[PDB]
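First, one chain by itself: the form deposited in one PDB entry, in structure tokens.
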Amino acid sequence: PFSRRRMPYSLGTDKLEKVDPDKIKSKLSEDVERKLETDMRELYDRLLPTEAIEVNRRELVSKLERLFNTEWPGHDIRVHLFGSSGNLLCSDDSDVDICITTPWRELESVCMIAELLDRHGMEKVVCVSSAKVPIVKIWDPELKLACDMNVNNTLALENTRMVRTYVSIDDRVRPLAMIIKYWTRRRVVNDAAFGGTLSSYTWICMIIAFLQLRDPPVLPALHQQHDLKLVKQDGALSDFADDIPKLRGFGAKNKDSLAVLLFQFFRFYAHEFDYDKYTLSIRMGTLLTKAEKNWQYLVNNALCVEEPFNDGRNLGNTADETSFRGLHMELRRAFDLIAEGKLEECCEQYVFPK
């Protein structure tokens, strides 16, 4: 019984002003960079997961796999981590995302799973059967983990494997992405479902797109690197290049530090990127126009971020015009603070009004 709209309609829908480029700081001073760098690695160390909690995620997987195969024997039911839990970007307070696979299609009834998990002591058990991807949500009070589960959405397993591959290519990607994600949680702009802002997966695509567009690039366009694609276990070629040992080091030509990349990330999205004209596409690794995708007609197209496996889908579709204006303001707010090295203020915890 509470409204979670992050960006109030009183914000309006107007485009932000194009700032005189000579007034937009182009690089960190040496003092600001050095201190921001040490602050970011201190933040990253606190964000890194601990082994005790990582063990709890795997125990939840095992517990769930046992519950399911005991209740419905014979169907080779398997339980897989994905999302943050499988792409190297989770922290200890990250929820668990789980994909349950089986050829037994009758398991795709998420409320049947809710009844079983409730009966065996899970708490806050809810099922959402009308979502694009039906889910069951639980709180495990023994392991103290929140968990969203779906059944047989293998597409999410592949784009998790893709993000994991991107994270594995250059060692700056994991700390950069974790710190930006932490920023999105603290400013509460990571809630596409109820807040009208952007999903964590949308944010990760924006980070990867920015890194692909650096000169030199930090990350390649994996979907376009046909010669480094391996054959998967199902016999088909991978959709994206995934021979990690051959890919590792691709970004080594780019010599910018973590501090400079965080500054440039916010500078890019605060002032450089023309939201009105372009679509970000980590599938291509280059900018696309909205018009070449017919996305000038798309409802909720202020921000266009192409899903790399279904390029008909805009990940930015959860932000209407008002929400985009507030997101853009948050990105400029972040740029102004990181330009002066103020990582703590940048990550101030947003609280909803009463």
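Here the rigid core means the biggest group of C-alpha atoms that line up within 1.5 Å when the two forms are laid on top of each other. From 1 onward, residues are counted along the sequence shown.
Missing here is the form deposited in another entry; even so, the following discussion is about that form.
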Is the shift of residue 12 between this form and the one not shown large enough to count as movement, that is, does its C-alpha move by 2 Å or more after the core is superposed? no
Would you say residue 215 moves between this form and the one not shown, meaning its CA shifts by 2 Å or more once the core is fitted? no
With both forms fitted on the core, give yes or no for whether the Cα of residue 235 moves by 2 angstroms or more between this form and the one not shown. yes
